[PDB]
Amino acid sequence: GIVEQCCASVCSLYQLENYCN
Amino acid sequence: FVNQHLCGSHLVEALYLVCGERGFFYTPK
Ligand SMILES: [Cu+2]
């Protein structure tokens, strides 16, 4: 998932918005 | 905006920034 993706690979701030409430 | 390399507490900082008062869920495997 994104915790993994952001650290092992790269992620965007837009991808992070998916985790907002 | 640009792509991010974010591990550990740095990821939760970015979540805080992006989501702010909306709040967010931090859910690792
Ligand atoms: Cu550090």
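Per the deposited record, the coordinates in this entry were obtained by X-ray crystallography to a resolution of 1.900 Å.

Peer 1: Mind laying out the interface of chain A and chain B, listing which residues take part and the relevant values?
Peer 2: Listed by partner, the interface residues are 16 residues for chain A and 20 residues for chain B. With both chains or domains summed, chain A and chain B bury close to 1700 Å², and 68% of this area falls on carbon and sulfur atoms. Of all residues in chain A, the largest losses of buried area upon contact with chain B belong to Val3(A), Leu13(A) and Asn21(A), amounting jointly to 32% of the total for that side. For the pair chain A and chain B, the interface holds zero salt bridges. Where chain A touches chain B, the interface holds seven residue pairs in polar contact. Broken down by secondary-structure element, the contributors of at least two residues to the side of chain A that touches chain B are α1 (2-8) and α2 (13-16) of chain A. Per-element tally for the side of chain A that touches chain B: the top contributor is α1(A), with five residues. Tallied by class, the residues present in the side of chain A that touches chain B amount to eleven nonpolar, three polar and two charged.

Conventions adopted
- Along each chain, numbering proceeds from 1 in written sequence order. Entry numbering may differ, and residues lacking coordinates are not shown.
- Each chain gets a letter, beginning with A, and each ligand a number, beginning with 1, in the order they are written.
- In computing side-chain properties, one takes all heavy atoms of the structure into account and sets aside hydrogens as well as water.
- When checking whether two residues touch, look at their non-hydrogen atoms; a contact exists if any pair is within 4.5 Å.
- Throughout, the accessible surface (probe 1.4 Å) given up by two parts as they are put together, summed over both, is called the buried area.
- Any carboxyl oxygen of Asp or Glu within 4 Å of a side-chain nitrogen of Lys or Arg constitutes a salt bridge here.
- A 3.5 Å cut-off defines polar contacts: any pair of N or O atoms within that distance qualifies, except that in protein one atom must be a possible hydrogen donor and the other a possible acceptor, and neighbouring residues in sequence count only when both atoms are side-chain atoms.
- Starting at the N terminus, helices and strands are each numbered in turn, a helix being any DSSP run of H or I of at least four residues and a strand any DSSP run of E of at least two.
- In the scheme used here, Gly and all other residues not listed as nonpolar or charged are polar, with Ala, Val, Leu, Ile, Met, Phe, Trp, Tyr, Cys and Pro taken as nonpolar and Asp, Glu, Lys and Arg as charged.

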